[PDB]
Amino acid sequence: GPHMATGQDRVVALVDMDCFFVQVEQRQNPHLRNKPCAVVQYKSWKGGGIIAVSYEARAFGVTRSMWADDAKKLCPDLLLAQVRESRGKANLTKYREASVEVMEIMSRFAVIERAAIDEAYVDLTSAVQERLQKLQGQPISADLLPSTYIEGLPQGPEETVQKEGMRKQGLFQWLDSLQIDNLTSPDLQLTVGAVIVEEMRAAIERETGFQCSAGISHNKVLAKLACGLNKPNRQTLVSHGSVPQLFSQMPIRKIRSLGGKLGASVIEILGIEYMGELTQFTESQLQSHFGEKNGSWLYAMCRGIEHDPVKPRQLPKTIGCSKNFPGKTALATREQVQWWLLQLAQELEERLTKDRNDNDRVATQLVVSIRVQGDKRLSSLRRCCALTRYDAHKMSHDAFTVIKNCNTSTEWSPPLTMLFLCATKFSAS
DNA sequence: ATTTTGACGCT
DNA sequence: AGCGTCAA
Ligand SMILES: Nc1ncnc2c1ncn2[C@H]1C[C@H](O)[C@@H](COP(=O)(O)NP(=O)(O)OP(=O)(O)O)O1
Ligand SMILES: [Mg+2]
Ligand SMILES: [Mg+2]
């Protein structure tokens, strides 16, 4: 009753760029704008692998991971932009730099947690408190929320036939119901959060040209889920009260962290399909099947409650470079292995030197990882060494030294299907 | 031959 | 420390 926490203490947003790498390339090349477009890496093997797809191309069925030759079978007029290749490998610098543009804009509004190259969480609790104080009892106009959806609305009792009509009808129902007079109202706090996110998204688009979607809720899992509900170029508010109906038909795998083996086990062991069905288990039952940590997390999450903080971290914690060597291209000679370690180490050196100048820090550990032909696991072996000098020849030599005894017997066997260098354990400089 | 990353958990 | 999970 009066003591049941409801996980309504925070306002959290997740901002995710729409078809991000495609938009970077469309900004650079106006010929690609408003077209079915994709970004591809490599070209010789089946036209290259698609890693990003414009919404116009998705309408034809083009997806991430498709070979470009096959995408062309679905979408003959598909336009393609190629990832830069340097030193024999795909080089993602352009997208990392565009990411920095967006992150630097978002951080003007609030503390952000960089969650991936194109998305960040925002803890808006303090900003909402401030805006509620400058704005005192003044109602919030629908004009302040021109691209916001209220999940679950409209409900109940003809513009309803088109999607913008429905959006406005749901928003009107929501705002009509709001009580602006209580500064402690969670629903009001979320609404002010959404106003701020509209401002943030407008700033991102104005200052970079890039469009994005966003979720606004009380925690990161719900913000992330909300964000995906009305992509692209829209934002979605998931209130605490919307959770029971939303979760009643939500496949377990759609919640972040449950998309893999753990989610599959939740489905298989409990014989359920949707997140809401989890409410019928005690915390102890869930802990018994999935462990203390997972059990408690699931017990709270299925009720819309999660406490994971927005971490104050705008910069990546590691800087890595990897290359796969599939099928017949697997590395089978000592010289091959050393040459590719050098290529990787040279890209890594460039990125580390820039990072040291920009961010006043230095990496102190080098992690070397390899995969052997036949092993399905991403990494077959991982070994570390000291990272004491930003020198590509030294880093590549040290990596060879730490992995050379994996070679069973001038020849390398079994052939290597992946090399990976990662700089870790940063200290201030 | 789904590539190139990145964060965090378990022991 | 080294491996495993999940993710974009
Ligand atoms: N498996 C993968 N491998 C390589 N790059 C990937 C990737 N998944 C994503 N990327 C890269 C390429 C992507 O552009 C970028 C962001 O990933 P998203 O946010 O998952 N997808 P996007 O922004 O394209 O579309 P929208 O969000 O509107 O659905 O990260
Ligand atoms: Mg995105
Ligand atoms: Mg994303």
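Quick note on labels: first sequence line is chain A, next is B, and so on, each numbered from 1.
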Visitor: How many Å lie between CZ on A/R377 and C1' on C/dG2, as a whole number?
Guide: 10 Å
Visitor: Rounded at 0.5 Å granularity, tell me how far CD in A/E350 sits from OG in A/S86.
Guide: 7.5 Å
Visitor: Near DNA chain C, under 4.0 Å by heavy atom, which residues of residues 12-28 of chain A?
Guide: none
Visitor: Just do the ring-ring contact (aromatic ring centres under 6.0 Å, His included) check on A/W340 and A/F325 with the steps written out, would you?
Guide: CA-CA 10 Å; A/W340 281 107; A/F325 302 92; 5.3 Å; yes
Visitor: Run the side-chain hydrogen bond (donor to acceptor under 3.5 Å, both in side chains) test on A/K323 and A/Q343 for me, step by step, so that the C-alpha distance in whole Å, both residues' side-chain angles and the decisive distance to 0.1 Å come before the verdict.
Guide: CA-CA 10 Å; A/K323 189 167 174 48; A/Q343 302 320 291; over 6 Å; no
Visitor: Does atom CG of A/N34 have more than 12 heavy-atom neighbours from other groups under 6.0 Å away?
Guide: no
Visitor: Of all the nucleotides listed (C/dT5, B/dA7, B/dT2), which has the minimum atom distance to the side chain of A/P316?
Guide: B/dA7
Visitor: Contact class for A/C321 (heavy atom, under 4.0 Å): base, sugar-phosphate, or nothing?
Guide: sugar-phosphate
Visitor: Just how far, in rounded Å, is P of C/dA7 from CZ of A/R64?
Guide: 12 Å
Visitor: From the options B/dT2, C/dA1, C/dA8, select the nucleotide whose nearest atom is closest to the side chain of A/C384.
Guide: C/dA1
Visitor: Would A/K89 count as a cation-pi partner of A/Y42, with NZ or CZ less than 6.0 Å from the six-membered ring centre and within 45° of the ring normal?
Guide: no
Visitor: Where do A/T333 and A/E335 land on the side-chain hydrogen bond (donor to acceptor under 3.5 Å, both in side chains) test, with the steps shown first?
Guide: CA-CA 5 Å; A/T333 78; A/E335 218 76 357; over 6 Å; no
Visitor: Contact class for A/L92 vs. all strands (heavy atom < 4.0 Å): base, sugar-phosphate, or nothing?
Guide: sugar-phosphate
Visitor: Tell me whether A/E199 is salt-bridged to A/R131, with the criterion being a basic N under 4.0 Å from an acidic carboxylate O.
Guide: yes
Visitor: Rounding to an integer number of Å, can you tell me how far A/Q82 CD sits from B/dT3 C1'?
Guide: 15 Å
Visitor: Which part of the nucleic acid does A/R253 contact within heavy-atom distance under 4.0 Å: base, sugar-phosphate only, or nothing?
Guide: nothing
Visitor: Between B/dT2 and C/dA7, how far apart are the two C1' atoms, rounded to whole Å?
Guide: 14 Å
Visitor: Among B/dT5, B/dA7, C/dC6, which nucleotide has an atom closest to any side-chain atom of A/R96?
Guide: B/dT5
Visitor: Taking any heavy-atom pair under 4.0 Å as a contact, classify A/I319: base, sugar-phosphate, or nothing.
Guide: sugar-phosphate
Visitor: With a sphere of 6.0 Å drawn around NZ of A/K254, does it hold more than 12 non-hydrogen atoms of other residues, nucleotides or ligands?
Guide: no
Visitor: What nucleotide, of C/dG2, C/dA8, B/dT5, holds the atom closest to the side chain of A/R383?
Guide: C/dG2
Visitor: Heavy-atom contacts under 4.0 Å between residues 329-349 of chain A and DNA chain B, which residues?
Guide: A/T329
Visitor: Looking at A/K261, does any N or O in its side chain come under 4.0 Å of the phosphate oxygens OP1/OP2 on C/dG4?
Guide: no
Visitor: Applying a 4.0 Å non-hydrogen cut-off, can you work out what A/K328 is touching in the nucleic acid: base, sugar-phosphate, or nothing?
Guide: nothing
Visitor: Looking at A/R114, I'd like to know whether one of its side-chain N or O atoms comes within less than 4.0 Å of OP1 or OP2 on C/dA8.
Guide: no
Visitor: CD of A/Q365 versus P of C/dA1: gap in Å, rounded?
Guide: 6 Å
Visitor: Output the rounded distance in Å from CG (A/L378) to P (C/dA8).
Guide: 15 Å
Visitor: Which is more 5' along DNA chain B, the nucleotide nearest A/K376 or the one nearest A/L315? Just name the residue.
Guide: A/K376
Visitor: Under 4.0 Å between a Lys/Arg side-chain N and an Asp/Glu carboxylate O for A/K231 and A/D18?
Guide: yes
Visitor: Rounding to an integer number of Å, can you tell me how far A/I50 CD1 sits from C/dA8 P?
Guide: 19 Å
Visitor: Starting at CZ of A/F420 and ending at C1' of C/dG2, how long is that distance when rounded to a whole Å?
Guide: 14 Å
Visitor: Polar-atom pairs under 3.5 Å, protein N or O versus N or O of nucleotides 8-11 of chain B: list them with distances, or write none.
Guide:
{"unit_1": "B/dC8", "atom_1": "OP2", "unit_2": "A/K317", "atom_2": "NZ", "d": "2.6"}

Visitor: With respect to the side chain of A/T318, which nucleotide from C/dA7, B/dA1, B/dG6 is positioned closest?
Guide: B/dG6
Visitor: Within a reach of under 6.0 Å around CD of A/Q249, are more than 12 heavy atoms found that belong to other residues, nucleotides or ligands?
Guide: no
Visitor: Can you establish whether the number of heavy atoms outside A/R361 located under 6.0 Å from its atom CZ is more than 12?
Guide: yes
Visitor: Please determine if a side-chain N or O atom of A/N324 lies less than 4.0 Å away from the OP1 or OP2 oxygen of B/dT4.
Guide: yes
Visitor: In whole angstroms, how far is the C1' atom of C/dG4 from the CG atom of A/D375?
Guide: 12 Å
Visitor: Under 4.0 Å between any heavy atoms, over every strand shown, what does A/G49 touch: base, sugar-phosphate, or nothing? Just pick one.
Guide: nothing
Visitor: Using a 4.0 Å heavy-atom cut-off, does A/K46 contact any base of the nucleic acid, only the sugar-phosphate backbone, or nothing at all?
Guide: nothing
Visitor: Hey, is CD on A/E292 packed in by over 12 heavy atoms from elsewhere, all under 6.0 Å?
Guide: no
Visitor: Rounded to the nearest 0.5 Å, how far apart are CD1 of A/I150 and CG of A/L145?
Guide: 6.5 Å
Visitor: On DNA chain B, compare the nucleotides closest to A/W45 and A/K323; which residue's is nearer the 5' end?
Guide: A/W45
Visitor: At under 4.0 Å between heavy atoms, what does A/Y42 touch on the DNA or RNA strands: base, sugar-phosphate, or nothing?
Guide: sugar-phosphate
Visitor: More than 12 non-hydrogen atoms from neighbouring residues, nucleotides or ligands closer than 6.0 Å to NE2 on A/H393, yes or no?
Guide: no
